[PDB]
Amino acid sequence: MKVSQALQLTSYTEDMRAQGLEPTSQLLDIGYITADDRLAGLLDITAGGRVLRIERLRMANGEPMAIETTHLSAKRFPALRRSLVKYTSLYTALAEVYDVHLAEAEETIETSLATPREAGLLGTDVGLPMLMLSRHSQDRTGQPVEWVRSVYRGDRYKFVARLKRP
């Protein structure tokens, strides 16, 4: 009953199409925040710099799957907030509006528990182990584009990696 998701630099939209599921989203919160030192470092901006934060509930065939909170430089992408009225895919929006294409990313996978609000939104018991992901992505020019923190349903996901030994 779990989606088996390959670990690769792909969008949620791409990932769900690969599963033969229909991706939809509910915009939970969107707006600008000021970067602290941590976030400024992750986005290569000056501390105090403005960050577009996008929080979305991602669904598959209508069922909650994940809550994603992505962070981008507002200075680099000042029309991106409005462009998400037009695009359902952030990665598509980046490519079409700004000709930005992701090339490399570091992803982390951890497990812990949801907040009460997250559990409510995902329709899971608050004691259910969840998959807490982060993704730090850079584009073809080597600039960091996004820093994402996410909560994926522990009862709906496993991730799969291919390993190679030289």
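Residue positions are given as counts along the sequence shown, with the first one as 1.
### Query
Should the higher mean CA B-factor in the entry be assigned to 38-46 or to 109-117?
Per the PDB entry, the higher value belongs to 38-46.
#### Entry: Entry-level comparison of average CA B-factors, 126-134 and 23-31, reporting the higher stretch
It is 23-31 that shows the higher mean C-alpha B-factor.
### Task
Could you look up the Cα B-factor of residue 15 in the entry and say which third of the chain it sits in: lowest, middle or highest?
It falls in the middle third of the chain.
### Query
What third of the chain, by the recorded C-alpha B-factor, contains residue 86?
Residue 86: CA B-factor falls in the highest third of its chain.
### Message
Please place residue 99 in the lowest, middle or highest third of its chain according to the CA B-factor in the PDB entry.
### Response
Answer is middle: the recorded C-alpha B-factor places it there.
### Third of the chain's Cα B-factor distribution that residue 55 belongs to, per the entry
Within its chain, residue 55 is a middle-third residue by C-alpha B-factor, going by the deposited values.
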